[PDB]
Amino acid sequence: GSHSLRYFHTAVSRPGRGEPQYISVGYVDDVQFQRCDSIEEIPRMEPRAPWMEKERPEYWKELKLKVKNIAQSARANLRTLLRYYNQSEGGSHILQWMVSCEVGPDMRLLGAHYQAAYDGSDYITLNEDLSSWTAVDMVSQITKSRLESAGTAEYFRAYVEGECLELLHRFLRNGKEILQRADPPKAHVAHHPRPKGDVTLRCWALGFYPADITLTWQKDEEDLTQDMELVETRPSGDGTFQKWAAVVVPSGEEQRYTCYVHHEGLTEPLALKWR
């Protein structure tokens, strides 16, 4: 259906030896396609997805120039942020930002995002109108005034309409078999007696893509959200994801409980009980 090209950028003012001053990772939906970094002023790039083998040499040469420019600019901005907040040197500070564009089923643009953070806290966000900015304090208010009086958001629009959509379209075509798919979950309920005499029922979902999923338990008809123990959805490492959700129930009443699995690879939620 809908698809997104997303970049996650990090710049660090005082990295340790061997650690990058700048690193960015790029994804289409939930699949990583490259890593870029700069360590001691040396830029490096690595492909992470099969369709990147299709890219012509010029893609990588142009990417390397971008890494050099971005790392240099981010370092300069870290210097300035240090001064505006009157923060001492000798400590390491962090500038992060996210860049993305999204298309709908017709492969036409739906939205875009640019958002930045300083030392792990929101600093400035480009609004949905793609022309005004949301600030958080007096310093980021200075940034807002500068970007808005300069119209800098117009340059981001040009990036979105140009390179961002170019790559997103091209990656979706070349990697169609990987990206334009949904693997539904393989689910089962595990049974774990406890010394108290009660029972843990753990509903598992394995092997699904994309990562978005909902697991929930019901007894008869009531939802048991407040009674559940969940784990965060986690990568299996082969391109698919896994998750489980558990409830503690009395012995002999296990058949009263139903697990429901919601995933875009299914047309209706999967329902299952302990067998």
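Under this definition, the rigid core comprises the largest set of C-alpha atoms superposing within 1.5 Å between the forms. For every residue, the number given is its place in the sequence shown, counted from 1.
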Legend entry - Between stretches 159-167 and 194-202, more displaced by Cα RMS in 4 other deposited structures of this protein (rigid core superposition): 194-202
Inset, instruction - Taking the root mean square of C-alpha distances over all structures and residues in 4 other deposited structures of this protein, with a rigid core superposition, name the larger of 237-245 and 220-228. - result: 220-228
Legend entry - Greater mean Cα temperature factor according to the PDB record, 143-151 or 90-98: 143-151
Legend entry - Mean C-alpha temperature factor, higher of 110-118 and 201-209: 110-118
Legend entry - Of the residues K186, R75, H191, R173, the one carrying the largest Cα B-factor as recorded: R173
Inset, instruction - Among the candidates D220, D238, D30, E232, give the one with the maximum CA B-factor reported in the record. - result: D220
Inset, instruction - Sorting the chain's modelled residues by C-alpha B-factor, tell me whether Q242 ends up in the lowest, middle or highest third. - result: lowest
Inset, instruction - Rank-wise, by C-alpha B-factor, drop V67 into the lowest, middle or highest third of its chain. - result: lowest
Legend entry - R56 by Cα B-factor - lowest, middle or highest third of the modelled chain: highest
Inset, instruction - Could you tell me which third, lowest, middle or highest, the C-alpha B-factor of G26 occupies within its chain? - result: lowest
Inset, instruction - Ordered by C-alpha B-factor within the chain, which third holds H3? Give me lowest, middle or highest, please. - result: middle
